[PDB]
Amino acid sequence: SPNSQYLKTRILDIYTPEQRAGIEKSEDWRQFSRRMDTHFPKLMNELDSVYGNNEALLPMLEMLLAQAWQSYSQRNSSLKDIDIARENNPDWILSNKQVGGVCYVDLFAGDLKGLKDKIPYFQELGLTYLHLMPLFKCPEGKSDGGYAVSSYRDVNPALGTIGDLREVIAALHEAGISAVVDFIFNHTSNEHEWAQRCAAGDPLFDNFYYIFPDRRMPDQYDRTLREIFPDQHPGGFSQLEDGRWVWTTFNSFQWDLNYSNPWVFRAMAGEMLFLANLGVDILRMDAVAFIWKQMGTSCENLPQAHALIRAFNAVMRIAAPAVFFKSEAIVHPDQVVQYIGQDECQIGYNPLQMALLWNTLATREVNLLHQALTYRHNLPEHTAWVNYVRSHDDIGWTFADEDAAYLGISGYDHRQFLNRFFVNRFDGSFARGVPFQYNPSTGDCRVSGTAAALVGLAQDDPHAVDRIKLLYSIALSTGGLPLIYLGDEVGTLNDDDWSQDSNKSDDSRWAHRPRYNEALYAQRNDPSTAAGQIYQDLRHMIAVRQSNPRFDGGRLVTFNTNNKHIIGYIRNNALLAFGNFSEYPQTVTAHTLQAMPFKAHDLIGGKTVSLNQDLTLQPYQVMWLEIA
């Protein structure tokens, strides 16, 4: 394979003799050259592992690297400073100081300019990380909430212009907040120019997607394909006007990109560089599990999918060091963690913890949660979990059947219980969620609904507020970067019109995608309201997390509480956390605490607690005891 020095010389051949001389002496080239030598080996290796001796590999690479240089040269000086800072501080993502939030620009603040006006509030809340949902042009009507991209560069006019976005990013950086956007690279909308030209037979866009003449291949593939939206279509394919079939893992209007074609990688790498130069700090790698297909397999988590992502990682290491990745892999735990690594995705959603928080609220038993915190929490160096309570999506019960089997729990039977409980089809359930994608052929089902809707706030369950606080307390202190679903900090309930909207009625996820609730936000300072109680609660926990070094890092050690309703863990051997998932008082005996100091200050309630005697926690109470 060619080497870094070889490719760099060729990159400089576009400059006349006089220019070439100057370029080689410039700071930009110096840094670019150094990073090329350091990271090119990985890029080449990962790409080769996927394409092999593909004739297009070499040509695609030189073209991509030429862009990488141009992209780095044009990169703004301020961004280059962030590039240097993060190069030498790979663990910035692990700082206890980081706290993120996520919202739809349109639902939360109208448009881009409006979002800019909400920045003061984000600072007031303590955010240092902000994820904005899909901002670029997409089909009018149904676009899977913007996840069906028709243009990676043209901002949805309803939100503003590319200029407004560029402005928002700079304002976020000014307020000490990182910009986080989606990198929907597994597929585009069926209205995207690429799709159009590919299907129309433009030789330039040949093999940019997976299109079949009939059901021969589709049927073979469907034998092992999981259905994500069985409500929309069976298997993973959709039929075109002309009768052909296109691979559509998600909605029919979302066509999977064909990474078996190296020119497809180059295309998306180009888009990443575009997003990088806008000043994006973290790219949410959407559906990383499906970017590689292979007949007979599930076409999820394949080796080449990981390799491609590590290739993308390399491009950023060379042309935009500040850009980190956030893996969205809502799959089996064993698979989830494989996307997380310094050379792949530095951080990734922690669906296991999230799903188990809700599970524990239902069963009142921390068994599965404790198991996960004990065996699946700690990660490799320079990587972190993104811990969350809810997201724009439904809740999938992605705990491991094998893990559950160890505890004498039948995964299938357990999920059936969980699903019933959270959609209020179980006696006594406090949850008011809505079903999502009930698959009659598999028994699988997911749950939609806001955090407040699932804890019982819609009916004013007296335990609703403390439940919210408890869940967020755990995502905030286990170790990793905590993500707040904006709207949750004031107990925002479900949207009560989505079912009436013909563009949303067939997607219950819109039930937990409500608009900014002016009334609730106007009560965040009133301790007598649910909004105020939830707000000050979370704000206080955020404040503590960010100021107390004992929460730093992502490592944790579980503590056996000897009480099936109480979870316990220790951060940095100095912070002991207890969490009662019972609606009744529960005790951690003096005998269980013998190894703990006689007294410890609780950062949650502010009181001094004695650990030389039984410790009784009130319903849903959380304690952050300083033991060192």
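Counting begins at 1, following the sequence as shown.
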(Q) When the Cα temperature factors in the entry are averaged, is it 562-570 or 61-69 that ends up higher? (A) 61-69
Q | Mean C-alpha temperature factor, higher of 372-380 and 493-501 | A | 493-501
Q.
Checking the record values for 349, 152, 417, 324, which has the greatest CA B factor?
A. 152
Q) Considering only 254, 529, 547, 360, which residue's Cα atom bears the greatest B-factor as recorded? A) 529
Q: Would you mind ranking residue 145 by its C-alpha B-factor against the rest of the chain and naming the third, lowest, middle or highest?
A: middle
Q: Relative to the other modelled residues of the same chain, rank the CA B-factor of residue 156 and answer lowest, middle or highest third.
A: highest
Q | Lowest, middle or highest third - CA B-factor, residue 463 | A | middle
Q) Which third of the chain holds residue 273 when residues are ordered by C-alpha B factor: lowest, middle or highest? A) lowest
Q: Relative to the other modelled residues of the same chain, rank the CA B-factor of residue 91 and answer lowest, middle or highest third.
A: middle
